[PDB]
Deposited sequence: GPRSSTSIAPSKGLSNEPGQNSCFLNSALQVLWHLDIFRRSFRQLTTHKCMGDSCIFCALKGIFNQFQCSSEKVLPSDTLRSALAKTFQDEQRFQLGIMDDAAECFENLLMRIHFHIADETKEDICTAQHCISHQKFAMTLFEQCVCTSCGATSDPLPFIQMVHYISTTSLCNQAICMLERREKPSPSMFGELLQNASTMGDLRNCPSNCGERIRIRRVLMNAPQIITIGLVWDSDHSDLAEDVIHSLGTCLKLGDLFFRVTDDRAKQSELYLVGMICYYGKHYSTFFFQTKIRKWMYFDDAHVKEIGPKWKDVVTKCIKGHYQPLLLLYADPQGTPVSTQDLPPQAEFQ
């Protein structure tokens, strides 16, 4: 259901309301979260509990607008020492989105000796997280660097790298375009200094069903927005997104753009394609609007408003909720 989130003068909650809309409208997340009964509760201040109360309202309430203040407060108390997501202070929607996924893992999984999440109920690691390792490899002399493995919830790519690689290419290529843009500046010397140069290689070993792309902007009033919006594709081939994709489920995976958090003028909003109405919705806190059934309708609005897309959410339509 498409409802709005209230934002009063001074509480600066548009960064949270933008992320909340993505999480509620993402099918793999919402259906998964509903089947979740037990959680590591933090007490009167607890993100999971505040999130559940918001999600229950999104379905049972008849109000056209709902308050996110419970999650806003719980987020503030949880990050008091870090001085992030504090009450009355603006913040970043992608940082908010990342940390909500991270705290969902803390609420769902259990502390493992080696910090390895295998819980089949953890939405973040089972569906969102990308498991990668980076390595320098020289084809001429055969030298290789030490592999550096890590997990990320968002894949960040530079907007200028994206725009430049689009001009060079001038659908079904957006994955390759994203990969060439991400690797553009990753030139390094051979690990053994044969004299040749190498490109950092990223290898994905898992198979996320939701890829969250983060756009690295050059400015808060970017003059590259229009070129960025026109460079965005609606279909992502996961097998092309990284230099190597070793998991068979991910080689075959095709993910479609269903959501996009947008920044403009120190404010945040969210576009999302509701699969039911078969149309693109727009959520700016309390304001919910029908944009249209065509991606071009979203392009026209983003370009007219000088919107800067920050988070792109590609969901596998053949994806499944957590078991």
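- Query: Which segments of the deposited sequence lack C-alpha coordinates in the modelled structure, numbering from residue 1?
  - Reply: Holes in the chain trace, numbered from 1: 1-9, 180-186, 340-350.
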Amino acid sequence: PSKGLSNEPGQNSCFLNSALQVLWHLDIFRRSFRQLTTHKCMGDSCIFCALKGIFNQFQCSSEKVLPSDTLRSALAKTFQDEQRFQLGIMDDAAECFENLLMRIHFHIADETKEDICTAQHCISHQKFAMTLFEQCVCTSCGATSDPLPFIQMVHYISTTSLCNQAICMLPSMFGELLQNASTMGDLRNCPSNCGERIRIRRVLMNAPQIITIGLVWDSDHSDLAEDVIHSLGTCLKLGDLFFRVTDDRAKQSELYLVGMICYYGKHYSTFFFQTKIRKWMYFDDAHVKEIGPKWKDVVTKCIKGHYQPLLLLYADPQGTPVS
From here on, numbers count along this sequence of modelled residues.
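- Compare the mean C-alpha B-factor of 107-115 with that of 221-229 as given in the PDB entry, and name the stretch with the higher value. According to the entry, 107-115 carries the higher average C-alpha B-factor.
- May I ask you to compare 271-279 and 250-258 by their mean CA B factor in the entry and name the higher one? Higher mean C-alpha B-factor in the PDB entry: 271-279.
- Item | Candidate residues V154, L132, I89, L170, the one whose C-alpha B factor the record puts highest | That would be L170, according to the entry.
- Query: Relative to the other modelled residues in the chain, which third contains the C-alpha temperature factor of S18: lowest, middle or highest?
  - Reply: Its C-alpha B-factor belongs to the lowest third of this chain's values.
- Which third of the chain holds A315 when residues are ordered by C-alpha B factor: lowest, middle or highest? It falls in the middle third of the chain.
- Query: Of the three thirds of its chain by CA temperature factor, lowest, middle or highest, which one includes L236?
  - Reply: Answer is middle: the recorded C-alpha B-factor places it there.
- How does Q165 rank on Cα B-factor within its chain, lowest, middle or highest third? Tercile = highest for this residue's CA B-factor.
- Would you check the entry's CA temperature factor for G175 and let me know if it's in the chain's lowest, middle or highest third? Its C-alpha B-factor belongs to the middle third of this chain's values.
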